[PDB]
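> First the structure, then my questions, so here it is.
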Amino acid sequence: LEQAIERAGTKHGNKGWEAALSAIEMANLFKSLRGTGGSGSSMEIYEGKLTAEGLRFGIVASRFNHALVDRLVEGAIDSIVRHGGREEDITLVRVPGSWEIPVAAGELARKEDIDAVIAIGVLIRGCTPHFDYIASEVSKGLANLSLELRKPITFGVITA
Amino acid sequence: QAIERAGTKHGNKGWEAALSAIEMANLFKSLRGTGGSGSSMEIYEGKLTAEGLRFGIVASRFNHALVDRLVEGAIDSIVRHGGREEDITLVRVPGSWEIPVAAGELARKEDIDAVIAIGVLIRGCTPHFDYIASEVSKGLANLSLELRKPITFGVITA
Amino acid sequence: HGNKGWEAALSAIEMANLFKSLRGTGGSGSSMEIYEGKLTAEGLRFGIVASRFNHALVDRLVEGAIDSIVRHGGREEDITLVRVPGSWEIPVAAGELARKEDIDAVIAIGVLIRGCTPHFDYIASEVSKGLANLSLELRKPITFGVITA
Amino acid sequence: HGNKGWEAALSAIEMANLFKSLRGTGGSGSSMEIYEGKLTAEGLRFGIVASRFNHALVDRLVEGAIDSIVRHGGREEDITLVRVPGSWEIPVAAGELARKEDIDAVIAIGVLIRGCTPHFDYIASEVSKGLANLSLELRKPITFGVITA
Amino acid sequence: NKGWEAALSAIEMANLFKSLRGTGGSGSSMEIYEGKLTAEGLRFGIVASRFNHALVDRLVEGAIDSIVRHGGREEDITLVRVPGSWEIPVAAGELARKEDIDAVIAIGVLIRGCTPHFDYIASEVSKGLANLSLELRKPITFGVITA
Amino acid sequence: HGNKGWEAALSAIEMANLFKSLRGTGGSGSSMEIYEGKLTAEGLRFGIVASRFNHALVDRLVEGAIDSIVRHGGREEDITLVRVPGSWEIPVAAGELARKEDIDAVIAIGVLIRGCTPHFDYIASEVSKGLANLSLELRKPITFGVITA
Amino acid sequence: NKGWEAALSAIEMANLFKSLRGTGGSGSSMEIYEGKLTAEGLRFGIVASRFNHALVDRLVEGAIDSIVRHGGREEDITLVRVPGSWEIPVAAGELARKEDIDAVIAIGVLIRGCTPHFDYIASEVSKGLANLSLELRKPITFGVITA
């Protein structure tokens with residue numbers, strides 16, 4: 001009975017839904033940017049499709065507060081499969097804490113098979129009028145890696 | 001010309017109207033299929049794919065400024081979701097009163113999986129019952145149950 | 001050229017032309033199909049249903065409707081006029097005209113009774129509901145030219 | 001127990017028990033015939049339809065509906081659940097679910113807009129009218145568990 | 001209308017870089033470099049977000065309008081739409097590295113205001129565009145707004 | 001065919017025809033004289049003044065206006081288009097076009113700024129007042145196609 | 001900065017009137033008149049108030065800055081200061097009648113807002129400038145603000 005009540009709820013509105021959704025329309029956008037150019041006679045507009053067929057992804061999740069981390073990752077995987085993706089092209093890596101997220105995502109982003117990287121985690125405290133050191137450093141690596149490896153990385157953590 | 005297409009068409013009522021037809025047209029295909037093995041709860045949910053599906057959109061010509069934004073939003077919701085623009089047919093009606101009759105003819109065709117209703121309803125400045133907005137709402141609902149196909153209600157009130 | 005009978009006549013003309021396109025052969029592809037009716041009334045057969053309350057106002061609406069049919073290339077011989085005593089039983093008279101294969105479009109003209117505005121009336125709520133149910137089952141367009149004084 | 005989902009599922013349980021009693025032959029007599037429904041769900045196959053709009057509140061309603069059915073002797077295996085994006089097309093999906101010969105009762109769960117309408121709402125009436133008409137035509141019970149926000 | 005101001009700044013930066021890339025003066029006087037407000041023969045690029053669609057469309061509308069009014073041609077304008085406010089720096093990096101683009105304009109809308117504490121999301125987009133301009137030696141106008 | 005630019009163009013056409021009737025020779029009597037303008041645009045010279053705010057919406061109104069001129073028999077060569085930066089100074093641009101003997105009718109198209117509805121604004125109150133004073137003194141018709149967003 | 005916008009509008013009105021005053025086209029196509037954004041060889045005139053000196057000086061600062069940045073010359077700019085918000089229309093009438101001035105810019109600051117009823121002072125300044133432009137056939141930009 002417990003195995004059925006957990007799947008009764010829907011995972012559409014969680015933060016992991018749009019975090020994975022943004023990566024689907026970003027992998028297809030880079031394909032068109034580096035492809036052939038336009039034919040002229042009009043303004044060129046580039047946008048990404050929502051077809052997740054033939055795309056290899058990667059998900060990194062923390063370990064703190066597994067009652068909430070597991071909620072987001074389940075909703076993250078549901079985005080790809082419901083959009084035409086396959087579970088055969090999903091790689092999941094778990095890290096002890098949020099400090100190790102940027103280093104773990106660097107290894108996956110350097111592989112030629114991976115097309116996008118999704119990072120999921122939970123921040124500590126946050127609701128304070130003081131500078132946070134562990135919270136600021138995790139945003140440094142993700143932004144720097146994306147601009148260096150030319151690969152999208154999605155920031156989809158939540159603060160409680 | 002490029003000025004008009006620069007604006008976005010995401011989030012308007014035409015986007016959700018076409019989005020619901022994507023799930024409904026795929027949910028029905030799973031229902032007619034073989035049932036599950038058992039020993040667990042069976043949950044049906046339609047995927048957001050749009051490849052190999054044919055759609056039809058009916059639009060009212062009244063209030064041409066607002067309708068064109070909604071019509072283009074529904075068209076872009078199909079192509080960006082994997083659909084093909086060769087499988088989309090479009091019909092126009094003089095007003096919102098002629099939408100249920102036109103939507104019925106498109107649904108009678110075998111090669112149509114969903115029907116999108118797009119229109120603008122004139123909002124009464126004084127609060128009173130409308131004898132036109134009620135007929136179009138009940139007309140589409142009765143056709144959906146009778147013809148075993150889903151029709152999406154995607155009109156707005158000015 | 002500005003009365004409500006002009007607009008109702010125009011809607012019945014292009015809707016009849018649009019219905020023949022769907023029943024005809026489809027396109028060859030390679031493009032997105034778009035259907036729209038023209039304003040040619042040649043070869044079309046029309047039927048007009050008019051009430052009798054406010055006889056002064058109805059005559060203008062009926063005269064305005066017949067003028068639009070012949071102005072857009074429609075033959076005067078191919079129209080049928082039926083007078084109706086009360087606005088309540090317009091749907092039953094309109095159904096008989098639309099049940100024959102000769103008539104292609106049916107136009108309903110009438111004037112409603114204005115009583116208490118903020119409440120709900122039953123005479124006006126049934127003439128519109130009956131006309132809507134007739135079009136969906138007979139597969140024919142029926143315009144709604146009924147106005148309120 | 002305190003939510004409306006608990007009450008909605010309970011009504012569909014004993015109503016299904018009432019319908020199977022009418023199929024059997026009548027008694028010999030000597031007393032007036034009274035028919036009652038029991039709270040036993042053994043051998044009953046039920047279907048649930050829920051809307052995804054405002055999923056914060058819908059998950060609580062479906063929590064009570066799925067908790068009461070297992071409490072009253074109903075096994076989890078024979079429960080079918082279908083999700084819809086909006087409450088507008090609740091009876092469209094329920095029409096196909098109720099038409100199956102392996103189903104007994106259909107329970108619909110949804111949340112509508114606030115109820116301070118001026119005179120009428122064009123969405124809340126369609127969902128209620130569709131389910132009532134569907135139940136009479138198919139002769140199968142349908143429970144209206146939709147709660148206005 | 002910050003869209004008009006952001007597009008105006010990028011117009012006179014391309015001419016300034018063209019003058020620096022060109023040959024110098026003949027001497028005998030002070031050397032002064034200036035940026036004209038003529039967009040003749042210039043190809044630009046616009047990156048826009050998809051949050052608060054009402055506000056963004058107003059800012060994007062003035063971006064193209066500023067170029068064409070100042071003599072620019074609509075044929076040489078490239079427009080890219082991005083999902084959120086986080087992805088502009090990585091999206092602009094691929095666009096700015098093309099040899100047929102002389103200026104890049106970034107349009108977006110932030111979520112929070114300025115009264116709360118330090119915002120991590122708002123800092124990354126500003127830091128990413130600053131590093132790209134210095135590394136690629138190409139101007140990138142920063143013209144987002146704060147809600 | 002339904003935008004506000006279509007109606008403004010039609011008004012400027014028949015008003016120009018009506019003005020020539022008054023300047024011509026009068027009737028012979030024996031009846032009540034009635035004057036009305038036709039919808040023939042041949043031999044007429046028109047001038048169009050358009051603003052620049054909401055460039056997406058203005059283009060449709062300008063395109064709708066020029067279509068009505070050529071559809072009713074008007075020569076495309078005999079129209080003059082003048083673009084105006086702001087809606088406040090439309091009257092001064094319109095006066096220059098109407099002060100020459102070549103132009104017969106002047107069409108003004110613009111979009112007003114919507115701020116606080118129940119109060120009084122001065123930008124919109126002067127564009128309409130200036131246009132009205134120009135027509136009475138120049139003896140030429142000037143339409144008012146300015147809409148509000 | 002409404003001072004920049006008011007000066008920008010007056011720049012492209014002088015060219016529009018010069019094209020209309022000039023000879024027409026050769027035909028065989030639609031005749032379209034446009035206003036360029038080049039202030040070469042144009043003489044302007046600015047009228048400013050002396051109420052809320054902090055706000056007015058900011059608006060006046062952008063007025064001269066807009067002209068010089070768009071190719072205009074500071075030599076051909078005339079500036080007049082007026083006591084209050086009431087005297088601009090009569091002051092601008094004497095300035096606009098000179099044959100060496102092609103455009104007039106009015107800068108001022110109102111007292112009240114827009115929530116109270118009809119303001120008699122605010123209406124007279126707007127009505128005076130509108131009548132002068134039509135009577136003298138010379139553009140007069142209206143660019144005041146409301147406190």
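Chain labels follow the order of the structure tokens: the first chain is A, the next B, and so on; residue numbering restarts at 1 in every chain, and ligands are counted from 1 in their shown order.
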Can you list, as a list in words, all residues belonging to chain F that DSSP tags as strand (DSSP E)?
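Here is the list: residues 46, 47, 48, 49, 50, 79, 80, 81, 82, 83, 105, 106, 107, 108, 109, 111, 112, 142, 143, 144, 147 and 148 of chain F.
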> Keeping only N, CA and C atoms, write those residues as a PDB file, in the first residue's frame.

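See result-v7.pdb below for the written result:
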```
ATOM      1  N   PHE F  46      -4.988  61.502 -52.044  1.00  0.00           N
ATOM      2  CA  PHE F  46      -5.118  61.309 -50.610  1.00  0.00           C
ATOM      3  C   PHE F  46      -3.767  61.459 -49.922  1.00  0.00           C
ATOM      4  N   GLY F  47      -3.821  61.822 -48.652  1.00  0.00           N
ATOM      5  CA  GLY F  47      -2.625  61.909 -47.829  1.00  0.00           C
ATOM      6  C   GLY F  47      -2.838  61.206 -46.509  1.00  0.00           C
ATOM      7  N   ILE F  48      -1.827  60.449 -46.090  1.00  0.00           N
ATOM      8  CA  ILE F  48      -1.907  59.608 -44.903  1.00  0.00           C
ATOM      9  C   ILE F  48      -0.836  60.049 -43.919  1.00  0.00           C
ATOM     10  N   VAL F  49      -1.241  60.280 -42.673  1.00  0.00           N
ATOM     11  CA  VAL F  49      -0.338  60.647 -41.589  1.00  0.00           C
ATOM     12  C   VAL F  49      -0.425  59.562 -40.528  1.00  0.00           C
ATOM     13  N   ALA F  50       0.716  58.964 -40.192  1.00  0.00           N
ATOM     14  CA  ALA F  50       0.768  57.855 -39.253  1.00  0.00           C
ATOM     15  C   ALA F  50       1.825  58.119 -38.193  1.00  0.00           C
ATOM     16  N   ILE F  79      -1.409  58.672 -53.680  1.00  0.00           N
ATOM     17  CA  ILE F  79      -1.423  58.686 -52.224  1.00  0.00           C
ATOM     18  C   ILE F  79      -0.049  59.107 -51.723  1.00  0.00           C
ATOM     19  N   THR F  80      -0.041  59.809 -50.591  1.00  0.00           N
ATOM     20  CA  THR F  80       1.182  60.291 -49.966  1.00  0.00           C
ATOM     21  C   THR F  80       1.219  59.815 -48.522  1.00  0.00           C
ATOM     22  N   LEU F  81       2.314  59.162 -48.142  1.00  0.00           N
ATOM     23  CA  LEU F  81       2.490  58.630 -46.799  1.00  0.00           C
ATOM     24  C   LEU F  81       3.543  59.446 -46.062  1.00  0.00           C
ATOM     25  N   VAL F  82       3.199  59.906 -44.862  1.00  0.00           N
ATOM     26  CA  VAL F  82       4.101  60.681 -44.019  1.00  0.00           C
ATOM     27  C   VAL F  82       4.131  60.043 -42.638  1.00  0.00           C
ATOM     28  N   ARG F  83       5.327  59.705 -42.168  1.00  0.00           N
ATOM     29  CA  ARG F  83       5.506  59.109 -40.852  1.00  0.00           C
ATOM     30  C   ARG F  83       5.783  60.192 -39.817  1.00  0.00           C
ATOM     31  N   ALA F 105      -8.043  64.775 -49.347  1.00  0.00           N
ATOM     32  CA  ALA F 105      -8.425  64.294 -48.029  1.00  0.00           C
ATOM     33  C   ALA F 105      -7.181  63.860 -47.268  1.00  0.00           C
ATOM     34  N   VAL F 106      -7.232  64.011 -45.946  1.00  0.00           N
ATOM     35  CA  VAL F 106      -6.119  63.688 -45.062  1.00  0.00           C
ATOM     36  C   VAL F 106      -6.600  62.676 -44.033  1.00  0.00           C
ATOM     37  N   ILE F 107      -5.835  61.602 -43.858  1.00  0.00           N
ATOM     38  CA  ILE F 107      -6.150  60.539 -42.910  1.00  0.00           C
ATOM     39  C   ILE F 107      -5.086  60.537 -41.823  1.00  0.00           C
ATOM     40  N   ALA F 108      -5.525  60.559 -40.567  1.00  0.00           N
ATOM     41  CA  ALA F 108      -4.632  60.559 -39.416  1.00  0.00           C
ATOM     42  C   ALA F 108      -4.778  59.248 -38.660  1.00  0.00           C
ATOM     43  N   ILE F 109      -3.658  58.561 -38.449  1.00  0.00           N
ATOM     44  CA  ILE F 109      -3.631  57.272 -37.767  1.00  0.00           C
ATOM     45  C   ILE F 109      -2.628  57.353 -36.627  1.00  0.00           C
ATOM     46  N   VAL F 111      -1.894  55.930 -32.136  1.00  0.00           N
ATOM     47  CA  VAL F 111      -2.264  55.178 -30.943  1.00  0.00           C
ATOM     48  C   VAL F 111      -2.015  56.060 -29.729  1.00  0.00           C
ATOM     49  N   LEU F 112      -3.025  56.194 -28.878  1.00  0.00           N
ATOM     50  CA  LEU F 112      -2.927  57.032 -27.693  1.00  0.00           C
ATOM     51  C   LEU F 112      -2.282  56.269 -26.541  1.00  0.00           C
ATOM     52  N   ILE F 142     -10.932  65.861 -42.746  1.00  0.00           N
ATOM     53  CA  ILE F 142      -9.825  65.194 -42.069  1.00  0.00           C
ATOM     54  C   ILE F 142     -10.423  64.121 -41.170  1.00  0.00           C
ATOM     55  N   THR F 143     -10.151  62.858 -41.487  1.00  0.00           N
ATOM     56  CA  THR F 143     -10.666  61.759 -40.688  1.00  0.00           C
ATOM     57  C   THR F 143      -9.851  61.594 -39.408  1.00  0.00           C
ATOM     58  N   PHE F 144     -10.415  60.839 -38.466  1.00  0.00           N
ATOM     59  CA  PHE F 144      -9.810  60.611 -37.155  1.00  0.00           C
ATOM     60  C   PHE F 144      -9.764  59.105 -36.913  1.00  0.00           C
ATOM     61  N   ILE F 147      -6.751  55.328 -32.502  1.00  0.00           N
ATOM     62  CA  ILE F 147      -7.356  54.384 -31.576  1.00  0.00           C
ATOM     63  C   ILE F 147      -6.598  54.433 -30.253  1.00  0.00           C
ATOM     64  N   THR F 148      -7.136  53.734 -29.256  1.00  0.00           N
ATOM     65  CA  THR F 148      -6.540  53.661 -27.929  1.00  0.00           C
ATOM     66  C   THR F 148      -6.269  52.204 -27.584  1.00  0.00           C
TER      67      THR F 148
END
```
> Which residues are close to segment 118-125 of chain G, i.e. within 9 Å by only C-alpha atoms, leaving aside same-chain residues fewer than 6 positions away? Reply as a PyMOL selection string.
(chain F and resi 119-120+122) or (chain G and resi 85-89+110-112)
> Find the residues around residue 102 of chain E up to 12 Å (only C-alpha atoms counted), leave out those fewer than 5 positions away in its own chain, and share them as an MDAnalysis selection string.
chainID E and resid 10:18 39 41:46 76:78 95:97 133 136:141
> Write out as a PyMOL selection string each polymer residue whose atoms come within 6 Å of residue 9 of chain D, counting only C-alpha atoms; drop sequence neighbours fewer than 3 positions from it.
chain D and resi 6+12+65
> In Å, with one decimal, what is the gap from atom CA of residue 55 of chain F to atom CA of residue 65 of chain E?
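Going from atom CA of residue 55 of chain F over to atom CA of residue 65 of chain E covers 8.5 Å.
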> Give me, as a tab-separated table, the closest atom pair and its distance (Å, one decimal) for every residue of chain G within a cut-off of 8 Å of chain F, counting only C-alpha atoms, rows sorted by chain and rising number.

```
residue	atom	partner	partner_atom	distance
G:9	CA	F:85	CA	6.5
G:27	CA	F:77	CA	7.4
G:28	CA	F:77	CA	7.0
G:29	CA	F:77	CA	6.3
G:30	CA	F:77	CA	5.8
G:31	CA	F:80	CA	5.4
G:32	CA	F:81	CA	5.0
G:33	CA	F:82	CA	5.1
G:34	CA	F:83	CA	6.2
G:35	CA	F:83	CA	7.9
G:114	CA	F:119	CA	7.3
G:115	CA	F:119	CA	7.1
G:117	CA	F:119	CA	7.2
G:118	CA	F:120	CA	6.9
G:123	CA	F:122	CA	7.1
G:126	CA	F:122	CA	7.1
G:127	CA	F:126	CA	7.2
G:130	CA	F:126	CA	7.2
G:131	CA	F:130	CA	7.8
G:133	CA	F:92	CA	6.5
G:134	CA	F:92	CA	5.6
G:137	CA	F:92	CA	6.9
G:138	CA	F:92	CA	7.8
G:139	CA	F:92	CA	7.1
G:141	CA	F:89	CA	7.8
```
> Leaving out residue 14 of chain C and any residue of its chain fewer than 6 positions from it, which residues lie within 6 Å of it when counting only C-alpha atoms, given as a list in words?
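The filter keeps residues 37, 38 and 39 of chain C.
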> Per residue of chain B within 6 Å of chain C, record the nearest atom pair and its distance in Å to one decimal, counting only C-alpha atoms, with rows in chain order and ascending residue number, as a tab-separated table.

```
residue	atom	partner	partner_atom	distance
B:86	CA	C:32	CA	5.2
B:89	CA	C:33	CA	4.9
B:90	CA	C:34	CA	4.7
B:91	CA	C:35	CA	4.8
B:92	CA	C:36	CA	5.8
B:101	CA	C:136	CA	5.6
```
> Hey, can you check how far atom CA of residue 7 of chain A sits from atom CA of residue 74 of chain A?
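Here the two named atoms are 10.2 Å from each other.
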